[PDB]
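Observations on the model geometry
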Amino acid sequence: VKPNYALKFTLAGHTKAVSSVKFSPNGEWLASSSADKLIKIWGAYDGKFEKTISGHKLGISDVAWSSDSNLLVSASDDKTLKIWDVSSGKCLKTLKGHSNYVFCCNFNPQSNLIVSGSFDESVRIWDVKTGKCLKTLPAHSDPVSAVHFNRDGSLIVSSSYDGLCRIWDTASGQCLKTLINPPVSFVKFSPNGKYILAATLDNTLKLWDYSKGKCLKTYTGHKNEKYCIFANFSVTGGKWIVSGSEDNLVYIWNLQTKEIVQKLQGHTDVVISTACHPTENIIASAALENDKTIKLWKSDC
Ligand SMILES: O=C(O)c1ccc2c(c1)nnn2C1CCCCC1
């Protein structure tokens, strides 16, 4: 059982490296962020360019959607996050408090909170409605590379170049577990909240059992020794792990067997980010400056 992702559209418009692509929860849009200081919105199905959202003073590392698909949050080298109304393109709030680049961001499922991680080694939890910081967690001893809420919002997982992943109780800010030293470049909870997928800068993805603090699966064969490359759980068809790679390919693994099931050829630079559509077997991928495009791919399974 293998997927058959094939290229459907190639999207161009950003003028510097893309950093992150994300499909809206309602499936209608793809958002992209870039070192060019811009967010772009594209039709998720035909790639049609929709709008540019602008206001950050420096490049953007990440963007994330609210559960109702109406809001975006972005994390910027200007040391702020911004909350955006997607329909109007307007900045609703600027979240100030980090003392260096903000690298990662996510809403909780309820979408009343945002979590951020920064070069400043902290994780912050913000109130969406007021735009004020509720908690600053002294989370890591090196830049924070990823932050993600679990399925009900009760926990946050963070990762850092310090080699650690940490699980935090959202309401209290207490660290409930540290997974233990290669730099960790990405982390997220599995859909059921019981596992955690982590990328490290030694060409390795790992699936950890949260309750046991133990690694259950590793996924290798790709190249990842430099860039923050996200990894995804693909769940609409076959159960895969999806990731970009520094050899210009999208890698897709069987989650259970760890075997590579497809390598998507087409980009001409590092595939820095990938995202999986919430209902269709559709992948978005973005590549670095020799390539300059976002590609949309479709599989029958
Ligand atoms: O939906 C999810 O979050 C999810 C999480 C882990 C899953 C899964 C679905 N299907 N199989 N596995 C195994 C991974 C390897 C260890 C035993 C479980």
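Header annotation of the entry names X-ray crystallography as the structure determination method and lists the resolution as 1.2580 Å.

Bringing the sheet that holds strand β23 (residues 240-243) into the picture now. Pairing is antiparallel in the open sheet, where 4 strands are placed in the order β22-β23-β24-β25. Pairing within the sheet leaves two strands with one partner each, and these edge strands are β22 (231-234) and β25 (260-264). Within this sheet the neighbouring strands show an average axis-to-axis angle of 20°, counted without direction. Here 4 bridges tie strand β24 (residues 250-254) to β25, and the two strands are oriented antiparallel to one another. By the bridge assignment, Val250 is partnered in β25 with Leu264.

A separate point is the pattern of salt bridges. All told, the structure shown has 2 salt bridges when counted by the stated rule. Between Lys223 and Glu225 there is a salt bridge, and its shortest N-O distance comes to 2.5 Å.

To continue, consider the packing of aromatic side chains. Evaluated as defined, the whole model comprises 7 aromatic pairs. Plain terms: the ring middles of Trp42 and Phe49 are 5.5 Å apart, the flat faces sit at 70° to each other, and that makes the pair edge-to-face. With relative accessibility at 3%, the residue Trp42 sits in the buried group. For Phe49, a relative accessible area of 41% puts it in the partly exposed group. Aromatic pair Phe186 and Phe230: ring centres 5.2 Å apart, planes at 35°, arrangement tilted. Of this pair, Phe186 sits in strand β18 (residues 184-189) while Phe230 sits in the loop between β21 (214-219) and β22, placing them 44 residues apart in sequence. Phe230 matches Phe186 in its accessibility class, with the two residues each being buried. Members of the aromatic cluster, each reached through a chain of ring pairs, are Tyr101, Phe103 and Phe119. When the ring centre of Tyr210 is taken as reference, the NZ or CZ atom of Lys177 above it lies at 4.9 Å.

The rules we used
Residues numbered from 1 in each chain as written, not as in the entry; some residues may be left out. Heavy atoms only, no water. Residues with missing side-chain atoms left out of burial classes, pairs and counts. Pairing = 2+ DSSP bridges. Helix = DSSP H or I, 4+ residues; strand = E, 2+ residues; numbered from the N terminus. Axes fitted to C-alpha atoms, helices over the stretch in contact; angles between N-to-C directions. Salt bridge = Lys/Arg side-chain N within 4 Å of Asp/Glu carboxyl O. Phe/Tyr/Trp six-rings, centres within 6.5 Å; stacked < 30°, edge-to-face > 60°. Buried < 20%, exposed > 50% of the residue type's maximum accessible area, 1.4 Å probe, protein only. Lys NZ or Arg CZ within 6 Å of the ring centre and 35° of its normal.

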